[PDB]
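Next comes just one chain, in structure tokens: the form deposited in one PDB entry.
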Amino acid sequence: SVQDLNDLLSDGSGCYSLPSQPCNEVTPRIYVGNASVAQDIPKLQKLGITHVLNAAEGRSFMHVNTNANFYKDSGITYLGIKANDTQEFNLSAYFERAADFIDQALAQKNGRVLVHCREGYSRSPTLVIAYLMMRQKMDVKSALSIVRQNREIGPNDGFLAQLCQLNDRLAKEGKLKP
């Protein structure tokens, strides 16, 4: 079933594409991008980004070293998640919090949120996919396919198993659109 989601990400050759652009709007007013977009406050203001969710807050090479102060006086609201892009990091512990932050942005009619990591490839797509599942009632295959059509994404297999877990839970509670 993780394999099923991998087949939806790739052409089948066992290899996977990387993002072709630093930022993409993957669903209306939800953007996924990389460190360079997130650190370019003028760029952010021109797209109308009001909210930034840094899914890779940290100081290593797999992390983006920003914080609430970085965006102070920019008018942009910030949430940092110190997530690691590995098989074992439990990003699911943050699904609720990230979805609530995405919701808070979209509840504003002029709100647009950027969910990013260093590459925009593994951590942030997982959070957006989870958001679509728990708040737009999409199953995981639908949510993942919609995001993958608009950006080359590639959650690691740990993140995919966690999304599968979320899917069965949402299916069991009968909370997925027919």
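Only residues modelled in both forms are compared. Only the largest set of C-alpha atoms that superpose within 1.5 Å between the two forms is called the rigid core. The first residue of the sequence shown is number 1, and the count goes up from there.
The same protein also has a form deposited with a small molecule bound, omitted here; what follows describes it.
**Student:** Taking 4.5 angstroms as the cut-off for heavy atoms, does residue 136 touch the small molecule in the deposited bound form?
**Tutor:** Residue-level check for residue 136: yes, a contact with the small molecule.
**Student:** Using the partner position in the deposited bound form, report whether residue 41 sits within 4.5 Å of the small molecule, counting heavy atoms only.
**Tutor:** Because no heavy atom of residue 41 falls inside 4.5 Å of the small molecule in the deposited bound form, the answer is no.
**Student:** Verify the contact flag for residue 148: yes if a non-hydrogen atom of it lies within 4.5 Å of a non-hydrogen atom of the small molecule in the deposited bound form, no if not.
**Tutor:** Residue-level check for residue 148: yes, a contact with the small molecule.
**Student:** Would residue 57 sit within 4.5 Å of the small molecule in the deposited bound form, counting heavy atoms only?
**Tutor:** No, no contact at 4.5 Å.
**Student:** Heavy atoms, 4.5 Å, the small molecule in the deposited bound form: which of 42 to 50, 66 to 74, 107 to 115, 138 to 146 makes the cut? Say which one.
**Tutor:** This holds for exactly one stretch, 138 to 146.
**Student:** Please state whether every one of the three residues 10, 13 and 157 places a non-hydrogen atom within 4.5 angstroms of the small molecule in the deposited bound form.
**Tutor:** So, no: the whole triplet misses the small molecule.
**Student:** Using a superposition on the rigid core, decide whether the Cα position of residue 20 changes by 2 angstroms or more between this form and the one not shown.
**Tutor:** It does not, since the residue 20 C-alpha is displaced less than 2 Å between this form and the one not shown after the core fit.
**Student:** Could you list, in sequence order, the stretches of three or more consecutive residues moving 2 angstroms or more at Cα between this form and the one not shown on a rigid core superposition?
**Tutor:** Core-superposed, the single displaced stretch is 12 to 15.
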